[PDB]
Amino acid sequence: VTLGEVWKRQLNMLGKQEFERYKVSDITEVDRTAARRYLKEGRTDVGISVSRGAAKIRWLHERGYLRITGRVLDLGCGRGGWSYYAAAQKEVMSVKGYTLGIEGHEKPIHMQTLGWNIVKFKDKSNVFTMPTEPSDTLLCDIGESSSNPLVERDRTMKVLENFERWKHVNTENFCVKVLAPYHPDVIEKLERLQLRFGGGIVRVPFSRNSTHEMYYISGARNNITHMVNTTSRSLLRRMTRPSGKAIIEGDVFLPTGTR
């Protein structure tokens, strides 16, 4: 019924080469070559980011959709790309990152980029079972893709329900992943969250066309349905006229040392 639902159905029907071409079409992308080379040599001292995810929070921060201040909580921190980006910012007092870490490449990776000494990581943490704690800036980047839209809907609602649980009175700043924002249930829930907490929703250009993920943020006020639909239209437009080419820019580089 929604344009996002049409997008998801069409996406799932794409042939293999069509899918690969489509997913990068007109997206923005950071060049990860430098960071990967250094990490391969165990060079944790260097001013690099541990993940591609850092590019998303940099865009959100630099473009004024999110202020990053005080006590930062990073729910689903993974390797720590957002946590280390936050730690380098002058208004940040501390960072606590929690993540499941049920694989491997997806546990926190220690680094010595700026403010590393004010970051504390806890692996094997389920943020859904944990008690909440206060924060000034609440970040959450959880939402695991599924070809099944109903699974994506369920996962999104769970994340939003838990976000509301964690969203404290002193939480002025927030950024939550909305995996599948186009589902009517998700739109309806976000609208009620917005009445309580204000804020708005945004598409980060570093997201692949193969996901409809958007971010609910504190830094801008906008119309949820309008913003989601505009993204659905962009995604469908790219599907009918795919360039097959991403726009590559410089990675998230950071200063180094203690704070």
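For the two forms, the rigid core is made up of the largest set of C-alpha atoms that agree within 1.5 Å on superposition. Note that residue numbering begins at 1 and tracks the sequence as displayed.
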Per-stretch CA RMS vs shown form in 5 other deposited structures of this protein, rigid core as reference, larger of 101-109/118-126 is 101-109
After core superposition, the stretch with larger RMS C-alpha deviation in 5 other deposited structures of this protein, comparing 56-64 and 36-44, is 36-44
When mean C-alpha B-factors in the record are compared for 45-53 and 211-219, the larger belongs to 45-53
Between 136-144 and 166-174, the record assigns the higher mean Cα B factor to 166-174
For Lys120, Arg79, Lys189, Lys158, the deposited C-alpha B-factor is largest at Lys158
Top Cα B-factor in this entry, restricted to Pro131, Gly115, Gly104, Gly97, sits on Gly104
Among the modelled residues of its chain, the C-alpha B-factor of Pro181 falls in the third labelled middle
Temperature factor at the Cα of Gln89, chain-ranked in thirds, falls in the highest
Here the Cα B-factor of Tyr65, set against its chain, lands in the third termed middle
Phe197: C-alpha B-factor third of its chain, per the entry, is the highest
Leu235: CA B-factor among chain residues, third -> middle
